[PDB]
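> The structure follows.
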Amino acid sequence: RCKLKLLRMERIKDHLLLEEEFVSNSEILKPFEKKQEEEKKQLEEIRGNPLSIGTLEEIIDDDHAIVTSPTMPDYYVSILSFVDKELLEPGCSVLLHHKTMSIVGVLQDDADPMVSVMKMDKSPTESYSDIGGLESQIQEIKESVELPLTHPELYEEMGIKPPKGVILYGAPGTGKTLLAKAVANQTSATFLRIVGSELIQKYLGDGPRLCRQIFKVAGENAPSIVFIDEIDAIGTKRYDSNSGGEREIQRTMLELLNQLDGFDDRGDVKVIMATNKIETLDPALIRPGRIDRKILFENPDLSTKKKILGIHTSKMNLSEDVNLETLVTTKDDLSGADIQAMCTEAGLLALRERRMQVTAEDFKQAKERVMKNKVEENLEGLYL
Amino acid sequence: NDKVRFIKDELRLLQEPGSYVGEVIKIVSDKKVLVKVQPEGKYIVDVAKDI
Amino acid sequence: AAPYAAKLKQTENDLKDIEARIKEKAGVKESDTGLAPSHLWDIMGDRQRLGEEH
Ligand SMILES: Nc1ncnc2c1ncn2[C@@H]1O[C@H](COP(=O)(O)OP(=O)(O)OP(=O)(O)O)[C@@H](O)[C@H]1O
C-alpha cells in the first residue's frame with residue numbers, strides 16, 4: 001500500500017497527459033487560419049529547399065557576411081529575410097538559399113565528441129548518506145556549493161560576494177567521489193564531470209583548447225558545477241615525453257588559471273576538485289578565493305565507522321545473528337571504501353553459497369579478505 | 001509484346017539526373033531532414049510523401 | 001516478492017507513455033529565427049534577393 005499510493009496518482013496522470021496531447025495536436029493550428037497560417041506560407045517560399053549548410057566566419061554591419069562552406073567555395077552572402085543579426089556571431093552554422101545565397105535563418109548547431117564526455121546523461125540515483133558519517137565536514141560542501149544557488153537571501157544580508165570553489169582532499173576511499181555526485185542530485189543544475197586523465201593528452205595544443213573549453217560551456221549553460229575528478233593525475237600520468245612532458249603539463253595548468261578564474265567573467269562555474277596530490281598544484285591554484293573553504297578528510301574514528309556500516313547493511317538481508325559492533329572493533333582508522341568493500345564482498349560469499357541469507361559469519365569472513373589486502377603487499381610482518 | 005515493351009520502357013527508366021546515397025545525421029521537426037551526403041556536405045532538405 | 005513485483009511491472013508499462021509523449025510533442029513543433037520584427041524584413045529583403053550582389 002505504501003508503493004501503490006504513489007503509483008496510483010502518478011500513472012493515471014501520465015496516461016491522461018499522453019491522450020490529451022494526441023487530441024491536442026490538431027487543436028494547435030485552430031486559433032489561426034490566416035493570422036499566423038498565412039505567415040508560415042510567406043517564410044517558406046523564401047527558404048525553398050535545400051538549405052545549404054555554411055559556416056559563418058565573421059559578420060559585416062551592412063547586412064552581409066562572409067561564409068566559408070565545408071564544400072570549399074567562400075561566398076559573400078547577404079543577411080536578408082527572417083533573421084536577427086543578434087543570433088549571428090562567430091561559430092554559427094547557417095541556412096543558405098539554393099539560388100543566390102542569402103542567410104534565411106540560423107537553426108543548425110552541432111555538438112562535439114568532447115562536449116559529449118563533459119556533459120552528463122544521468123541525474124545521480126544515489127543521493128547523500130551513502131557514505132554518511134564525517135557529516136560535519138559536509139556542511140563545508142553545502143554552504144558553499146548547494147546553498148548560494150538555493151538562497152541568495154542569506155548572503156544578501158551580509159552583502160559582498162558569495163562563495164566560490166572547494167578542494168576536497170584526504171585519503172583515498174574516504175568518500176570524495178561520492179561527495180561530488182551527491183550535491184549534484186540535490187541542486188539540479190548542469191553537472192559537468194571530467195576526468196583529469198583526459199586533460200592529459202599525447203598531443204599538444206589541443207590540450208589547452210580542451211581546458212579552455214570546459215568553463216566556456218560552463219558559463220554558457222550557467223548555473224553549472226564542474227567536477228574535476230582527479231587533479232592529482234596531472235603529474236603522474238603522461239605518455240611519451242616528446243609531445244607529453246613538462247611543457248604539456250605546464251600549459252594546461254596555465255590555461256586553467258585564466259578560466260577560474262582569470263579575466264573571462266564567465267558564468268557560474270562552482271568548482272569541485274578531488275585530490276591527494278595538492279602539492280603538485282600551483283600557488284595561484286590553491287590561492288584563496290578560488291578555494292574559499294577547503295575540506296580535509298582523514299580516516300574516520302571508531303564511532304564514525306558504526307554510522308558508515310549501518311548505511312551499508314540496510315540494503316542487505318539481516319538476521320539477529322549479525323553483529324555490526326565487532327566488525328568495528330577489528331578495523332582501526334581505515335577508509336569507508338574498505339568498509340564498503342566488506343559488505344559488497346559479504347554478498348559475494350552469499351552468491352558463492354547460493355543461499356539468500358547474510359549472516360555474521362559472512363561479514364567476518366570478508367573482513368579477513370579486506371585485511372589481507374592491506375598487509376599483503378606488506379612483507380615486514382611486524383614493523384622492522 | 002511483353003518483351004518488346006519491356007525494352008522500350010527500360011530506355012526511359014535508365015535515364016537519370018543522378019540519384020545519390022545520403023545518410024541521415026539528424027531530423028528537424030519543421031518536417032525536414034539534415035542529410036550528410038557521403039562524399040559531400042550537409043544540406044537540410046524536405047522529404048517525399050512515402051516517408 | 002509479490003507486493004513489490006507487481007509495482008515493478010506497472011512502472012515499466014508507465015515508461016512507455018513517456019517515450020510516446022516525446023514523439024507526439026515533437027510531431028507538431030515549430031521553430032523560428034527572430035520572430036515578429038523580421039516578418040517585416042521579408043518584405044524588404046525579397047526585392048533585394050532577386051538582384052545579384054550575392
Ligand atoms: N560514508 C559512506 N557511506 C556510504 N558509502 C560510502 C561512504 N564513504 C564512501 N562510500 C562508498 O565507497 C565508494 C567509493 O567512494 P567515493 O568515490 O564516493 O570517494 P573517494 O574518497 O574519492 O574514494 P575513491 O576516489 O578512491 O573511490 C562508493 O561506492 C561510495 O559510495
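One-based numbering along the chain as shown.
Keep in mind that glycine also has a Cβ here, set from the backbone N, Cα and C atoms.
Look at Swiss-Prot and you will find A:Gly170, A:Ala171, A:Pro172, A:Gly173, A:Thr174, A:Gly175, A:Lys176, A:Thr177 tagged as ATP binding site, backed by sequence analysis. For A:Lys181, A:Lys202, A:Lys237, the entry in Swiss-Prot reads ubiquitin cross-link.
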> If you check the recorded positions A:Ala171, A:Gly173, A:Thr174, A:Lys181, A:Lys202, A:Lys237 one by one, which have a CB less than 6 Å away from any atom of ligand 1?
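A:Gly173, A:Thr174, by Cβ distance under 6 Å.
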> In the structure shown, which of the binding-site residues A:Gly170, A:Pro172 has the fewest other Cβ atoms within 10 Å?
A:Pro172
> Do me a favour and check the Cα-Cα span between A:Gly173 (ATP binding site) and A:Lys181 (ubiquitin cross-link); whole Å is fine.
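Cα-Cα, rounded: 14 Å.
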> Can you give me the same-chain residues 6 or more apart in sequence from A:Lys176 (ATP binding site) with a CB-CB distance under 8 Å?
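Correct list: A:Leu168, A:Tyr169, A:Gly170, A:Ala274, A:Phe297.
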> Rank aside, I only need the closest one: which of the recorded positions A:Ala171, A:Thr174, A:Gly175, A:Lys181 has its C-alpha nearest to that of A:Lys237 (ubiquitin cross-link)?
A:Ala171
> So, in DSSP terms, is A:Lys181 (ubiquitin cross-link) helix, strand, or coil?
helix
> Could you list the residues of the same chain, at least six apart in sequence, whose Cβ is under 8 A from the Cβ of A:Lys202 (ubiquitin cross-link)?
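Counting only residues 6 or more apart in sequence, the Cβ neighbours of A:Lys202 (ubiquitin cross-link) under 8 Å are A:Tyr239, A:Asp240, A:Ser243, A:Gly244.
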> So which one is it: of the recorded sites A:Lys181, A:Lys237, which has the fewest other Cβ atoms within 10 Å?
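Ranked by other Cβ atoms within 10 Å, the recorded sites A:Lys181, A:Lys237 bottom out at A:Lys237.
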> Can you check which residue among the binding-site residues A:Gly173, A:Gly175 has the largest number of Cβ atoms within 10 Å of its own?
A:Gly175
> Of A:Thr174, A:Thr177, the binding-site residues given in the record, which has the fewest other CB atoms within 10 A of its CB?
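Each of the binding-site residues A:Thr174, A:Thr177 was scored by Cβ atoms within 10 Å; lowest is A:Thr177.
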